[PDB]
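Visitor: The structure under discussion is supplied below as structure tokens; questions concerning it will follow.
Protein chains: 4
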Amino acid sequence: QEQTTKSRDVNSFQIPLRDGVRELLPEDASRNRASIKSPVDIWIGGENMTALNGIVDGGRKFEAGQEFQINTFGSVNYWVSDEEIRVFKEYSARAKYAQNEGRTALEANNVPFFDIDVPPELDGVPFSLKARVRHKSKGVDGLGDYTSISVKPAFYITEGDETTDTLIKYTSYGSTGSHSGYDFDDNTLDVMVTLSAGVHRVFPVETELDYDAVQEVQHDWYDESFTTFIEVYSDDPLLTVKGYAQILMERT
Amino acid sequence: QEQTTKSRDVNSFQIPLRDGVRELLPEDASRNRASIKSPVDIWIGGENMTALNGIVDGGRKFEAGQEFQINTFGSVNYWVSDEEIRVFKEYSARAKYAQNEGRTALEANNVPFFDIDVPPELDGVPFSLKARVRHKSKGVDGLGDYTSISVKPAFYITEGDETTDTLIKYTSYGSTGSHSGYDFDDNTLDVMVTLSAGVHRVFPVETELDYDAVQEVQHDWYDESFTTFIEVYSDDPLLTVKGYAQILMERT
Amino acid sequence: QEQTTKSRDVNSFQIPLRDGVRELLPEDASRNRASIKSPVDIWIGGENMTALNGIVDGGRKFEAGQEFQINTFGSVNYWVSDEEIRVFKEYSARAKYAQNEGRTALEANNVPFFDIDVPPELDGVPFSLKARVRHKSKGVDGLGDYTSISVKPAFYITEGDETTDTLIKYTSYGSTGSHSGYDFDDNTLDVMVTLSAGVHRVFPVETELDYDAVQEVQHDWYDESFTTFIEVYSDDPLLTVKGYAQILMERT
Amino acid sequence: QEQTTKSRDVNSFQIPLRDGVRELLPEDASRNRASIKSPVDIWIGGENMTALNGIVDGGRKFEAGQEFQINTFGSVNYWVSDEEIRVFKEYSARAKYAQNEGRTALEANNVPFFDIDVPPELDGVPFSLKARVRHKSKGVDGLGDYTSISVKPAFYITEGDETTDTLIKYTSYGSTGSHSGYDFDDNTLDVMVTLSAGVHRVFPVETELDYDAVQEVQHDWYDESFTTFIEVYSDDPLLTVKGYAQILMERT
Ligand SMILES: [Ca+2]
Ligand SMILES: [Ca+2]
Ligand SMILES: [Ca+2]
Ligand SMILES: [Ca+2]
Ligand SMILES: [Cl-]
Ligand SMILES: [Cl-]
Ligand SMILES: [Cl-]
Ligand SMILES: [Cl-]
Numbered sequence: 084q085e086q087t088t089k090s091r092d093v094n095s096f097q098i099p100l101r102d103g104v105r106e107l108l109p110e111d112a113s114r115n116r117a118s119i120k121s122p123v124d125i126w127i128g129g130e131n132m133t134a135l136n137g138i139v140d141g142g143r144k145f146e147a148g149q150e151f152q153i154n155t156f157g158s159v160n161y162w163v164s165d166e167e168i169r170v171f172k173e174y175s176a177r178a179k180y181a182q183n184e185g186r187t188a189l190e191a192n193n194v195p196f197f198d199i200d201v202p203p204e205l206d207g208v209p210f211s212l213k214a215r216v217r218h219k220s221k222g223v224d225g226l227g228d229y230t231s232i233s234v235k236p237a238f239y240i241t242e243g244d245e246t247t248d249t250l251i252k253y254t255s256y257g258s259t260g261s262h263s264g265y266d267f268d269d270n271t272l273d274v275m276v277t278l279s280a281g282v283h284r285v286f287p288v289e290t291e292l293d294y295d296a297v298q299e300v301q302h303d304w305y306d307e308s309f310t311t312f313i314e315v316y317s318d319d320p321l322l323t324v325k326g327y328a329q330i331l332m333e334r335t
Numbered sequence: 084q085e086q087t088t089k090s091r092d093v094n095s096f097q098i099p100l101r102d103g104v105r106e107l108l109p110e111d112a113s114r115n116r117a118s119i120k121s122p123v124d125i126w127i128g129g130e131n132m133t134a135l136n137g138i139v140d141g142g143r144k145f146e147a148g149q150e151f152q153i154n155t156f157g158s159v160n161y162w163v164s165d166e167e168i169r170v171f172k173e174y175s176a177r178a179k180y181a182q183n184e185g186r187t188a189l190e191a192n193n194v195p196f197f198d199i200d201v202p203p204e205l206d207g208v209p210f211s212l213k214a215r216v217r218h219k220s221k222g223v224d225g226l227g228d229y230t231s232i233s234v235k236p237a238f239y240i241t242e243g244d245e246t247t248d249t250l251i252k253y254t255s256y257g258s259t260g261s262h263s264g265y266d267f268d269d270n271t272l273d274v275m276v277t278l279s280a281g282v283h284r285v286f287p288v289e290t291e292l293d294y295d296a297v298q299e300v301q302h303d304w305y306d307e308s309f310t311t312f313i314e315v316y317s318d319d320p321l322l323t324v325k326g327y328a329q330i331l332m333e334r335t
Numbered sequence: 084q085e086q087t088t089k090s091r092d093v094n095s096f097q098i099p100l101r102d103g104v105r106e107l108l109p110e111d112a113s114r115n116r117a118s119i120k121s122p123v124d125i126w127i128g129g130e131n132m133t134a135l136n137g138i139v140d141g142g143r144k145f146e147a148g149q150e151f152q153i154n155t156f157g158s159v160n161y162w163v164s165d166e167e168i169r170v171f172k173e174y175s176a177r178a179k180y181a182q183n184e185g186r187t188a189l190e191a192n193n194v195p196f197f198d199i200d201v202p203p204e205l206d207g208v209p210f211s212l213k214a215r216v217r218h219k220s221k222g223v224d225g226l227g228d229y230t231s232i233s234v235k236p237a238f239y240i241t242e243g244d245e246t247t248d249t250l251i252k253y254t255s256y257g258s259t260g261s262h263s264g265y266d267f268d269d270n271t272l273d274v275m276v277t278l279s280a281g282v283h284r285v286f287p288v289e290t291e292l293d294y295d296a297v298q299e300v301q302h303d304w305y306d307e308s309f310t311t312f313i314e315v316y317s318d319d320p321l322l323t324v325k326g327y328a329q330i331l332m333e334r335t
Numbered sequence: 084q085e086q087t088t089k090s091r092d093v094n095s096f097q098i099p100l101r102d103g104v105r106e107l108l109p110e111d112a113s114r115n116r117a118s119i120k121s122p123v124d125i126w127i128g129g130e131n132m133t134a135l136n137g138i139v140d141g142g143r144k145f146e147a148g149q150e151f152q153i154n155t156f157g158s159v160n161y162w163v164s165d166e167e168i169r170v171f172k173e174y175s176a177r178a179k180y181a182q183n184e185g186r187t188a189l190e191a192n193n194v195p196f197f198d199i200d201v202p203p204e205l206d207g208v209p210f211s212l213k214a215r216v217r218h219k220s221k222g223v224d225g226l227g228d229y230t231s232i233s234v235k236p237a238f239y240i241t242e243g244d245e246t247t248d249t250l251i252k253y254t255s256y257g258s259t260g261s262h263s264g265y266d267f268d269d270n271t272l273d274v275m276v277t278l279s280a281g282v283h284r285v286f287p288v289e290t291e292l293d294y295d296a297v298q299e300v301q302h303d304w305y306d307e308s309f310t311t312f313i314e315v316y317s318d319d320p321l322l323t324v325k326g327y328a329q330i331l332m333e334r335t
């Protein structure tokens with residue numbers, strides 16, 4: 084129907100890969116070729132591709148890091164994930180008390196962590212990091228029901244990569260009272276963080292060791308606190324993206 | 084003879100790779116390009132390609148996992164294997180008595196196993212797993228010629244992958260008598276199994292430790308039974324397939 | 084000058100890669116595309132490519148095992164090597180006396196070996212294996228100048244691959260006398276060998292331990308003999324080939 | 084606008100990759116295809132690509148060693164680096180006294196080194212290697228302010244690769260006096276070096292152990308000298324190149 088023509092122009096750019104079946108390339112009569120690399124496994128297909136319940140039909144996989152080409156001028160669809168936001172961790176275990184003793188010390192004392200891989204596309208770009216946080220003190224470890232516990236949850240994050248030792252403490256709120264830990268009373272820790280490209284390690288911790296906890300139930304650093312990081316997540320569009328596909332496009 | 088035209092449409096799908104020289108793509112005037120990846124080494128050629136006695140002539144190899152392209156509109160042939168069905172194992176050694184003690188325990192006690200790699204294309208799809216099973220008790224280990232031995236062969240299969248410990252026992256028949264083990268009297272163990280994508284480990288075992296075997300010849304768990312898995316195989320079309328080739332096709 | 088046309092036909096074949104700058108593909112108006120894989124590093128260029136003194140000019144390298152494409156219809160040249168024949172080894176050290184004790188024993192006793200990687204293209208195809216062999220006994224280790232030494236050089240070759248133990252002894256001549264070892268008197272060991280595809284390990288050895296050598300100079304198995312494998316080589320066209328390039332060609 | 088045509092000619096060559104955003108390929112109506120491999124990560128884009136402060140915009144990355152293709156006839160730009168010259172090392176630590184004891188001995192005694200990877204394109208081609216060198220003796224380790232120290236800085240360079248032991252000593256000047264080490268008085272070590280392709284290891288050293296240094300402050304071999312290699316670099320166009328991109332071009 085349409086004769087092949089030479090491509091004069093190259094255009095290179097990044098596509099944000101998001102959730103569900105979405106268009107990777109639009110119908111574009113000018114386009115002759117696209118060379119594409121996805122940082123995650125990616126399913127590629129035509130208008131028939133669907134992904135009901137995370138099962139792709141009418142697609143085929145290309146691997147993370149695999150360079151491939153599409154030479155059509157028509158619409159092309161992708162699927163990578165059904166995750167609407169980015170959930171880093173969900174914890175049921177109470178978080179530990181921790182002073183800023185550095186990465187090695189926290190790992191040595193079994194403080195759970197997770198890593199954020201900051202893509203070049205997010206290098207030095209501020210983003211929202213949140214947690215759903217549950218404080219419960221009433222009767223916990225036998226603590227009095229009316230004992231006032233001060234809490235201040237934090238993320239301790241490496242300023243360099245996961246091989247460096249120094250941590251930056253990030254906080255957004257403090258709270259004091261007798262915590263009943265009812266699910267509807269959960270707090271939101273919400274900080275902006277700005278990170279260099281690469282992997283950064285994050286330790287969700289309780290920073291406040293309350294005098295009353297020390298006296299009544301012999302709590303000490305690295306012990307389980309009255310604070311639990313129910314969910315650590317981001318709904319920031321910069322983080323909910325599953326990765327950026329690299330595109331070199333050629334057009335007439 | 085035919086001018087080159089632009090491709091509007093992409094279509095992504097899987098081809099079941101079967102035995103002998105078969106067509107990979109048909110002659111199709113609309114087709115401009117195919118990007119293909121085979122999970123097994125694959126020999127690709129034109130109408131001249133043959134594979135008499137497993138020696139491919141008029142073909143060339145592409146490696147397992149290698150993405151390659153064909154830009155013709157003509158017929159294209161493949162060869163991967165001359166195996167008509169899938170034979171997992173053939174055993175001459177008597178199978179061991181085993182209780183469901185989990186994967187680690189069976190491996191520790193040298194119960195032979197084999198793995199089934201369930202492709203995404205077979206994720207949660209039921210399939211036939213069979214064995215040709217020979218019971219022979221007459222005079223074996225000095226057992227009486229008229230001693231009645233009860234048998235119940237099984238596959239113990241990991242429900243998770245080969246790194247998980249719990250096993251599911253699959254059976255289809257039990258048999259009792261004095262077994263002469265004549266080749267024409269061999270039984271067929273035939274079960275439907277439904278597995279998640281990934282590797283599952285399978286232990287062919289004898290599940291029944293007959294009282295008479297214990298008393299007469301001091302048989303015990305993990306000892307060699309009167310049961311031999313002559314052949315473990317499947318003639319189910321879902322398993323006889325050597326793999327699924329991934330295809331992205333572009334057409335005018 | 085010439086409009087692009089669709090390719091109907093695929094043709095897959097192997098090209099023998101030989102020495103110096105040679106044509107990889109001829110000018111062929113029908114050819115639209117070639118997908119090529121070389122088992123050795125290969126330099127590819129146009130009519131200007133030369134390789135005076137093993138330095139390629141007007142070429143660029145593609146790596147061993149790298150699939151690449153050429154989409155021209157013109158002539159294309161390659162270079163891989165300036166070696167006219169295949170030289171496996173040159174030895175200055177006297178070869179050891181060895182009985183056929185198997186691969187492990189010969190390696191344990193420091194009998195030098197070399198490996199032949201038999202390509203699929205040579206699977207079960209007989210080929211010439213030769214050695215330039217020098218026997219020198221006169222005054223060696225203090226042996227009498229007129230002592231008669233019997234010699235019978237051999238290649239001991241694994242019948243399976245380099246991981247298997249059994250060796251096959253190959254011979255073509257025996258010789259007896261007082262050997263002066265003059266370069267112009269060197270012998271040629273020349274055997275036909277037929278090997279399965281894959282790696283085979285070869286031990287050049289002296290098989291004859293002469294009674295007189297035992298008595299006079301206390302020679303024993305695994306000691307240095309009066310035999311030296313000056314050069315082990317093949318000028319058989321099946322072995323002088325540096326490898327076979329895999330070609331899938333598409334034509335109108 | 085322009086109908087596709089067949090390519091008759093192949094041309095293979097190397098492009099010197101230099102600093103900032105530069106053209107990789109010019110607009111050339113004859114060009115139909117280029118297959119390219121860069122030995123370093125390379126950012127590729129159209130006329131819009133910029134790299135202000137080392138941040139590429141309007142580009143996408145191709146990895147070191149990754150073969151990729153461009154099928155346009157238009158201009159194509161690259162970026163690899165903002166480094167105008169090649170700086171190998173900058174040292175603040177005083178260099179050690181070293182005799183030519185070979186590679187192993189220098190490494191054993193903690194003499195800092197750096198490696199030069201000589202590309203095939205520079206095999207046996209002479210190039211300038213320089214250092215900004217600071218001698219300071221006045222009061223150093225308590226040395227007299229008018230003690231005359233003789234200096235002769237050198238590069239000791241492996242003649243084979245980094246796995247070989249012998250070193251070649253390269254020098255260009257000697258100097259004698261009482262060194263105040265003022266930044267504006269720094270010397271330039273400037274030698275031509277000719278190296279085979281591959282990695283060569285370089286030890287910047289002080290070769291002269293002055294009698295007065297031995298007597299006054301007990302200096303000995305492998306001790307810190309009065310010489311510091313402030314910067315080791317090359318502004319030779321053969322070395323300032325970040326690498327050579329391999330190009331196979333096809334044209335009508
Ligand atoms: Ca309190
Ligand atoms: Ca019984
Ligand atoms: Ca004799
Ligand atoms: Ca002096
Ligand atoms: Cl969208
Ligand atoms: Cl068929
Ligand atoms: Cl030729
Ligand atoms: Cl320039």
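Chains as they are written, first to last, in the entry's author numbering: chain A, 84 to 335; chain B, 84 to 335; chain C, 84 to 335; chain D, 84 to 335. Don't be surprised by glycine CBs; every beta carbon is placed ideally from N, CA and C.
(1) Strictly below 8 Å CB to CB, what residues from chain D border C/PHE156?
(2) Just to be sure I understand the criterion: a residue counts if its Cβ is closer than 5 Å to at least one heavy atom of ligand 3. Which residues meet that?
(3) Establish whether the CB of C/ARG114 and some CB of chain B are separated by less than 7 Å.
(4) I want to see whether chain D comes within less than 7 Å of C/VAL159, judged by CB atoms only; does it?
(5) On a Cα-Cα basis, can you pick out the residue from D/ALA112, D/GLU106, D/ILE98, D/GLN97 that is closest to D/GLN84?
(6) Could you tell me which of A/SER121, A/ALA296, A/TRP162, A/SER118 sits nearest to A/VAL139, measuring between CA atoms?
(7) What residues from chain C crowd round B/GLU85, counting only those whose CB sits closer than 7 Å?
(8) Going by the CB atoms, is the gap between C/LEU107 and C/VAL170 shorter than 7 Å?
(9) Quick one: Cα of A/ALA181 to Cα of B/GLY207, how far?
(10) For the alpha helix (DSSP H) holding C/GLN298, just list the boundary residues, first then last.
(11) Within 10 angstroms of its Cβ, does B/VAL285 collect 16 or more other Cβ (buried), or is it exposed?
(12) Mind listing, in chain order, the residues whose beta carbon lies closer than 7 Å to a non-hydrogen atom of ligand 8?
(13) Considering only DSSP beta bridges, list what D/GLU307 is partnered with.
(14) Distance check for D/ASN193 and B/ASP200, CA to CA, integer angstroms please.
(15) Can you tell me whether DSSP reads B/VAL223 as helix, strand or coil?
(16) Below 7 Å between beta carbons is the criterion; list the residues of the stretch 135 to 151 of chain A that meet it against any residue of chain D, in chain order.
(17) Can you tell me whether A/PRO236 is buried or exposed, with buried defined as 16 or more other CB within 10 angstroms of its CB?
(18) List the residues of chain A that D/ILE153 touches, going by C-beta distances under 7 Å, in chain order.
(19) Interface residues of chain C around B/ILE127 at Cβ under 8 Å?
(20) Would you mind giving the Cβ-Cβ distance between D/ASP319 and D/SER164, rounded to the nearest angstrom? I have them listed as a contact below 8 Å.
(21) In whole angstroms, what is the alpha-carbon distance linking B/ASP92 and C/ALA117?
(22) Which word fits A/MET332, buried or exposed, when buried means at least 16 other C-beta atoms lie within 10 angstroms of its C-beta?
(23) If D/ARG114 and D/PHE156 are in contact, beta carbons under 8 Å, what's the gap, nearest whole angstrom?
(24) From what residue to what residue does the alpha helix (DSSP H) around D/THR187 run?
Guide: Considering the structure as presented:
(1) Annotation: Cβ neighbours of C/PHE156 in chain D (cutoff 8 Å, chain order): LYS89, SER90, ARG91.
(2) The set of residues whose C-beta lies within less than 5 Å of a heavy atom of ligand 3 reads, in chain order, C/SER231, C/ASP293, C/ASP295.
(3) C/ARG114 does not count as touching chain B.
(4) The C-beta of C/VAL159 comes closer than 7 Å to at least one C-beta of chain D.
(5) Per the Cα distances, D/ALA112.
(6) Nearest to A/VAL139 by alpha-carbon distance, out of A/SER121, A/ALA296, A/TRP162, A/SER118, is A/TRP162.
(7) Under the 7 Å cutoff, chain C gives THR88, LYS89.
(8) It is not a contact, given that the beta carbons lie outside the stated cut-off.
(9) The alpha-carbon of A/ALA181 is positioned some 45 Å away from that of B/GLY207.
(10) C/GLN298 -> alpha helix (DSSP H) spans 294 to 300.
(11) Classification of B/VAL285: buried, given that the 10 Å Cβ count is 16 or more.
(12) After applying the 7 Å Cβ criterion, the set is D/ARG101, D/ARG105, D/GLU106.
(13) D/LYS179, per the DSSP bridge assignment.
(14) B/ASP200 and D/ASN193 have their C-alpha atoms some 52 Å from each other.
(15) When DSSP states are grouped into helix, strand and coil, B/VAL223 belongs to the helix group.
(16) If the cut-off is 7 Å between Cβ atoms, the stretch 135 to 151 of chain A has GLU150 near chain D.
(17) Classification of A/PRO236: buried, given that the 10 Å Cβ count is 16 or more.
(18) Within chain A, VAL93 have C-beta atoms less than 7 Å from the C-beta of D/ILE153, given in sequence order.
(19) Neighbours of B/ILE127 on chain C, chain order: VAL93, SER95, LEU331.
(20) Contact flag wrong, Cβ pair sits at about 16 Å.
(21) Roughly 24 Å separates the two Cα atoms.
(22) Buried: at least 16 other Cβ atoms inside 10 Å.
(23) 5 Å between Cβ atoms; contact.
(24) Taken as a continuous stretch (DSSP letters only), the alpha helix (DSSP H) holding D/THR187 covers 186 to 191.
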